[PDB]
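The chain below stands alone and is given as C-alpha coordinates, in the form deposited without ligand XAN.
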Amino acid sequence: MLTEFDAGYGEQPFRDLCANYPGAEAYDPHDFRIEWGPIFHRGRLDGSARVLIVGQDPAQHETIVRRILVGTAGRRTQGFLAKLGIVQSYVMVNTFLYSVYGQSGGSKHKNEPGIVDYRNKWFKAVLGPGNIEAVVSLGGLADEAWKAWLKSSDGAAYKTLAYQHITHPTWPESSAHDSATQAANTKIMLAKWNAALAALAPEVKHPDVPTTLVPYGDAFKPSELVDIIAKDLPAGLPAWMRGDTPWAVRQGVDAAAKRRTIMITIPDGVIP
(Lines give C-alpha, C1' and ligand atoms only; values in the text may rest on other atoms or scores of the structure.)
Protein backbone atom coordinates (compact mmCIF):
# COMPACT_ATOMS: atom_id res chain seq x y z
CA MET A 1 0.00 0.00 0.00
CA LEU A 2 3.21 2.04 -0.13
CA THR A 3 3.72 5.21 -2.19
CA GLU A 4 7.16 6.79 -2.29
CA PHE A 5 7.84 10.54 -2.20
CA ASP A 6 10.69 13.05 -2.26
CA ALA A 7 11.08 14.40 1.22
CA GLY A 8 13.12 17.18 -0.28
CA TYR A 9 15.54 19.59 1.30
CA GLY A 10 15.92 18.84 5.02
CA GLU A 11 19.61 17.85 4.82
CA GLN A 12 22.67 20.08 4.49
CA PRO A 13 24.06 21.51 2.27
CA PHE A 14 20.69 21.65 0.50
CA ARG A 15 18.77 23.14 3.45
CA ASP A 16 20.88 26.29 3.53
CA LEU A 17 20.83 26.52 -0.29
CA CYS A 18 17.04 26.59 -0.32
CA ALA A 19 16.86 29.22 2.41
CA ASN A 20 19.26 31.58 0.71
CA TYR A 21 18.24 31.60 -2.95
CA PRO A 22 18.74 34.41 -5.50
CA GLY A 23 15.85 36.77 -6.26
CA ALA A 24 15.36 39.92 -8.28
CA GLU A 25 18.91 41.08 -7.51
CA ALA A 26 20.23 38.31 -9.78
CA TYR A 27 17.25 37.44 -11.99
CA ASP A 28 15.65 40.31 -13.88
CA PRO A 29 11.97 40.38 -12.85
CA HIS A 30 10.85 41.18 -16.39
CA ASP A 31 13.08 38.71 -18.19
CA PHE A 32 12.56 35.90 -15.65
CA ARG A 33 9.27 34.61 -14.18
CA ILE A 34 10.63 35.04 -10.66
CA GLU A 35 7.06 35.57 -9.48
CA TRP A 36 6.46 31.82 -9.23
CA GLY A 37 9.43 31.19 -6.89
CA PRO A 38 12.50 29.02 -7.57
CA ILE A 39 12.28 25.35 -8.54
CA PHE A 40 15.50 23.70 -7.35
CA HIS A 41 15.87 20.18 -8.68
CA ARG A 42 14.52 16.74 -9.45
CA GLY A 43 15.82 13.39 -8.21
CA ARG A 44 18.33 12.03 -5.69
CA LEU A 45 20.04 14.34 -3.23
CA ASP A 46 21.20 11.45 -1.00
CA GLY A 47 24.38 10.79 -3.02
CA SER A 48 22.96 7.79 -4.87
CA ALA A 49 22.66 9.70 -8.18
CA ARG A 50 24.87 8.31 -11.02
CA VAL A 51 23.84 10.68 -13.85
CA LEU A 52 23.58 14.46 -13.67
CA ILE A 53 21.08 16.19 -16.01
CA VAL A 54 21.53 19.91 -16.62
CA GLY A 55 18.35 21.43 -18.03
CA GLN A 56 17.43 24.93 -19.11
CA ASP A 57 14.42 26.29 -17.19
CA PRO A 58 11.12 25.25 -15.54
CA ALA A 59 7.64 25.76 -17.05
CA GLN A 60 4.09 25.72 -15.70
CA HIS A 61 3.99 22.00 -14.76
CA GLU A 62 7.23 22.41 -12.72
CA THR A 63 5.62 25.48 -11.13
CA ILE A 64 2.87 23.37 -9.59
CA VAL A 65 4.87 20.19 -8.76
CA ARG A 66 7.87 22.13 -7.41
CA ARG A 67 10.33 19.78 -9.14
CA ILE A 68 11.99 20.23 -12.55
CA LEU A 69 11.52 18.38 -15.84
CA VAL A 70 8.07 16.89 -15.07
CA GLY A 71 6.39 17.94 -18.32
CA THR A 72 6.78 16.49 -21.81
CA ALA A 73 10.51 17.18 -21.85
CA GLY A 74 10.91 15.35 -18.52
CA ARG A 75 9.14 12.25 -19.76
CA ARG A 76 11.35 12.29 -22.85
CA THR A 77 14.39 12.77 -20.63
CA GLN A 78 13.18 9.86 -18.45
CA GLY A 79 13.07 7.56 -21.44
CA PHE A 80 16.58 8.64 -22.38
CA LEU A 81 17.75 7.60 -18.89
CA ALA A 82 15.88 4.28 -19.04
CA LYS A 83 17.95 3.26 -22.07
CA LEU A 84 21.07 3.61 -19.93
CA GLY A 85 19.45 1.42 -17.29
CA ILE A 86 18.95 4.44 -15.05
CA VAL A 87 15.52 4.29 -13.47
CA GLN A 88 15.87 6.30 -10.25
CA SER A 89 19.59 7.08 -9.75
CA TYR A 90 19.70 10.55 -11.31
CA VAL A 91 19.74 14.12 -10.08
CA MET A 92 18.61 17.04 -12.26
CA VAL A 93 19.37 20.76 -11.95
CA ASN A 94 18.49 23.68 -14.27
CA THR A 95 20.56 26.44 -15.80
CA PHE A 96 18.09 28.97 -14.36
CA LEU A 97 15.99 28.75 -11.17
CA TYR A 98 13.12 30.54 -12.89
CA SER A 99 11.39 30.35 -16.26
CA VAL A 100 12.77 32.60 -19.01
CA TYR A 101 10.12 35.07 -20.05
CA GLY A 102 10.19 35.38 -23.81
CA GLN A 103 11.87 34.06 -26.94
CA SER A 104 13.70 37.37 -26.63
CA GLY A 105 16.81 35.31 -25.96
CA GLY A 106 17.58 33.89 -22.53
CA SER A 107 21.27 34.48 -23.07
CA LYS A 108 21.01 38.04 -22.10
CA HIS A 109 21.70 37.16 -18.53
CA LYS A 110 23.56 33.93 -18.92
CA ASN A 111 26.71 35.32 -17.32
CA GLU A 112 25.14 37.19 -14.39
CA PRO A 113 27.26 36.34 -11.30
CA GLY A 114 24.30 36.09 -8.92
CA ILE A 115 22.90 33.44 -11.25
CA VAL A 116 26.12 31.55 -12.09
CA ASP A 117 27.62 31.53 -8.59
CA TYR A 118 24.45 30.13 -7.00
CA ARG A 119 24.10 27.44 -9.64
CA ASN A 120 27.72 26.44 -9.14
CA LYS A 121 26.93 25.95 -5.45
CA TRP A 122 24.36 23.38 -6.53
CA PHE A 123 26.79 21.67 -8.93
CA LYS A 124 29.36 21.38 -6.14
CA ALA A 125 26.86 19.88 -3.70
CA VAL A 126 25.51 17.24 -6.03
CA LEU A 127 28.95 16.29 -7.40
CA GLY A 128 30.60 16.36 -3.96
CA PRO A 129 30.00 12.71 -3.03
CA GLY A 130 31.76 11.64 -6.22
CA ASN A 131 29.18 9.09 -7.38
CA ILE A 132 28.20 10.86 -10.64
CA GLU A 133 29.70 8.96 -13.60
CA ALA A 134 28.02 10.92 -16.43
CA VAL A 135 26.65 14.40 -17.14
CA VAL A 136 24.07 15.34 -19.79
CA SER A 137 23.06 18.89 -20.78
CA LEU A 138 19.75 19.76 -22.46
CA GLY A 139 20.20 22.50 -25.06
CA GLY A 140 22.76 25.26 -25.51
CA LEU A 141 22.49 27.37 -22.38
CA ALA A 142 22.83 24.15 -20.37
CA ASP A 143 26.02 23.36 -22.24
CA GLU A 144 27.41 26.82 -21.54
CA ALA A 145 26.46 26.52 -17.84
CA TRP A 146 28.45 23.27 -17.49
CA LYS A 147 31.41 24.72 -19.37
CA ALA A 148 31.31 27.78 -17.11
CA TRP A 149 31.34 25.40 -14.12
CA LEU A 150 34.49 23.71 -15.49
CA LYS A 151 36.29 27.04 -15.76
CA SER A 152 35.70 27.62 -12.07
CA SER A 153 38.27 26.32 -9.58
CA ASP A 154 35.93 23.76 -8.02
CA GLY A 155 34.71 22.65 -11.43
CA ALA A 156 38.16 22.08 -12.89
CA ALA A 157 38.20 18.71 -11.14
CA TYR A 158 35.36 17.57 -13.43
CA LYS A 159 36.78 18.31 -16.93
CA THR A 160 37.54 14.58 -17.01
CA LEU A 161 33.96 13.58 -16.21
CA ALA A 162 32.03 11.95 -19.03
CA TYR A 163 29.83 14.59 -20.56
CA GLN A 164 27.44 14.91 -23.49
CA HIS A 165 25.46 17.86 -24.78
CA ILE A 166 22.20 16.83 -26.43
CA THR A 167 19.50 18.82 -28.17
CA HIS A 168 16.79 20.11 -25.80
CA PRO A 169 13.90 17.56 -25.74
CA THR A 170 11.19 19.98 -27.03
CA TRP A 171 13.27 21.36 -29.88
CA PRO A 172 11.19 19.73 -32.65
CA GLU A 173 7.98 21.39 -31.47
CA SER A 174 9.60 24.77 -30.81
CA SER A 175 11.24 24.82 -34.24
CA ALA A 176 7.95 24.52 -36.20
CA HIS A 177 4.12 24.36 -36.11
CA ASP A 178 3.72 22.06 -39.09
CA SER A 179 3.57 18.33 -38.40
CA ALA A 180 5.85 17.28 -41.26
CA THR A 181 8.68 19.55 -40.16
CA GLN A 182 8.25 18.41 -36.54
CA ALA A 183 8.71 14.77 -37.50
CA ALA A 184 11.79 15.47 -39.64
CA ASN A 185 13.32 17.54 -36.86
CA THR A 186 12.45 14.81 -34.37
CA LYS A 187 14.25 12.33 -36.59
CA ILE A 188 17.30 14.58 -36.54
CA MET A 189 17.13 14.90 -32.77
CA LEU A 190 16.91 11.18 -32.12
CA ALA A 191 19.92 10.59 -34.35
CA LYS A 192 21.89 12.97 -32.17
CA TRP A 193 20.40 11.43 -29.01
CA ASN A 194 21.51 8.00 -30.24
CA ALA A 195 25.07 9.25 -30.65
CA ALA A 196 25.09 10.50 -27.06
CA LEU A 197 23.76 7.15 -25.90
CA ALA A 198 26.56 5.36 -27.76
CA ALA A 199 29.13 7.54 -26.03
CA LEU A 200 27.48 7.28 -22.59
CA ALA A 201 26.45 3.61 -22.27
CA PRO A 202 29.98 2.24 -21.61
CA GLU A 203 30.39 5.04 -19.13
CA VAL A 204 27.30 4.31 -17.01
CA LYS A 205 28.89 1.48 -15.04
CA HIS A 206 26.29 1.58 -12.23
CA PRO A 207 22.87 1.23 -13.87
CA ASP A 208 19.82 0.59 -11.67
CA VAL A 209 18.95 -2.10 -14.20
CA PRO A 210 21.58 -3.68 -16.45
CA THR A 211 20.14 -2.89 -19.89
CA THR A 212 21.37 -3.51 -23.42
CA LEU A 213 21.17 -0.30 -25.41
CA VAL A 214 18.25 -0.02 -27.81
CA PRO A 215 18.79 3.08 -30.02
CA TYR A 216 15.94 5.40 -31.02
CA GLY A 217 14.32 5.02 -34.44
CA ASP A 218 12.90 8.02 -36.31
CA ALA A 219 10.04 8.84 -33.91
CA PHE A 220 9.47 8.47 -30.16
CA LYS A 221 7.85 5.16 -29.28
CA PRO A 222 5.42 5.12 -26.35
CA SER A 223 7.81 2.90 -24.35
CA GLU A 224 10.42 5.65 -24.69
CA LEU A 225 8.14 8.13 -22.96
CA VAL A 226 8.46 7.25 -19.28
CA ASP A 227 6.37 8.79 -16.49
CA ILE A 228 8.19 10.56 -13.69
CA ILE A 229 8.41 8.20 -10.66
CA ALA A 230 6.54 8.71 -7.39
CA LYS A 231 9.86 8.96 -5.52
CA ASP A 232 10.58 12.28 -7.28
CA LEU A 233 7.40 14.10 -6.13
CA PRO A 234 6.52 15.76 -2.79
CA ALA A 235 4.37 13.75 -0.36
CA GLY A 236 0.71 13.48 -1.28
CA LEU A 237 0.82 14.71 -4.90
CA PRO A 238 -1.71 12.70 -6.95
CA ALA A 239 -0.57 10.16 -9.54
CA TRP A 240 -1.97 12.08 -12.53
CA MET A 241 0.60 14.83 -11.89
CA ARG A 242 3.21 12.22 -12.82
CA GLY A 243 1.14 10.78 -15.68
CA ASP A 244 1.23 11.14 -19.49
CA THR A 245 -1.47 13.73 -19.99
CA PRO A 246 -0.74 17.49 -19.93
CA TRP A 247 -2.61 19.24 -17.10
CA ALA A 248 -1.24 22.75 -16.67
CA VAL A 249 -1.21 25.71 -19.08
CA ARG A 250 -0.75 29.45 -18.86
CA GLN A 251 -3.91 31.30 -20.05
CA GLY A 252 -5.07 34.91 -20.29
CA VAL A 253 -6.93 37.44 -22.45
CA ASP A 254 -3.71 39.38 -23.02
CA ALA A 255 0.01 39.07 -22.26
CA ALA A 256 -0.25 40.61 -18.79
CA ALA A 257 -3.12 38.36 -17.72
CA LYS A 258 -1.53 35.27 -19.25
CA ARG A 259 1.64 35.89 -17.24
CA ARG A 260 -0.33 35.98 -13.98
CA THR A 261 -2.26 32.75 -14.48
CA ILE A 262 -1.86 28.98 -14.46
CA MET A 263 -4.73 26.61 -15.26
CA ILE A 264 -4.84 23.11 -13.84
CA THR A 265 -7.26 20.58 -15.26
CA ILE A 266 -7.30 17.04 -13.94
CA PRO A 267 -7.14 14.49 -16.78
CA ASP A 268 -10.42 12.77 -17.68
CA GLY A 269 -11.00 9.51 -15.84
CA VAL A 270 -9.41 10.36 -12.48
CA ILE A 271 -12.70 11.52 -10.98
CA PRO A 272 -15.31 8.73 -11.24
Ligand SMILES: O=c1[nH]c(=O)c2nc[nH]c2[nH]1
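The first residue of the sequence shown is number 1, and the count goes up from there. The term rigid core refers to the maximal set of C-alpha atoms that superpose within 1.5 Å between the two forms. Residues that one form lacks are left out of the comparison.
Form deposited with ligand XAN bound: not shown, discussed below.
K.L.:
Scan 31, 57, 208, 224 and let me know which has any heavy atom within 4.5 Å of ligand XAN in the deposited bound form.
P.N.:
Selected residue: 57.
K.L.:
Thinking of ligand XAN in the deposited bound form, which stretch from 213-221, 230-238, 243-251, 66-74 has heavy atoms inside 4.5 Å of it?
P.N.:
Correct option: 66-74.
K.L.:
State yes or no: in the deposited bound form, is some non-hydrogen atom of residue 110 no more than 4.5 angstroms from a non-hydrogen atom of ligand XAN?
P.N.:
It does not: once ligand XAN is placed as it appears in the deposited bound form, residue 110 has no heavy atom within 4.5 Å of it.
K.L.:
Is there a heavy atom of residue 168 no more than 4.5 Å from a heavy atom of ligand XAN in the deposited bound form?
P.N.:
Judged by the heavy-atom cut-off of 4.5 Å, residue 168 is in contact with ligand XAN in the deposited bound form.
K.L.:
Closest heavy atom of residue 94 to ligand XAN in the deposited bound form, within 4.5 Å or not?
P.N.:
So residue 94 counts as contacting ligand XAN.
K.L.:
Is there a C-alpha shift of 2 Å or more at residue 102 between this form and the one not shown once the rigid core is superposed?
P.N.:
No, the C-alpha position differs by under 2 Å between this form and the one not shown.
K.L.:
Residue runs between this form and the one not shown with every C-alpha shifted 2 Å or more, at least 3 long, rigid core fitted, in sequence order please.
P.N.:
Three-plus residue run displaced between this form and the one not shown: 103-105, uniquely.
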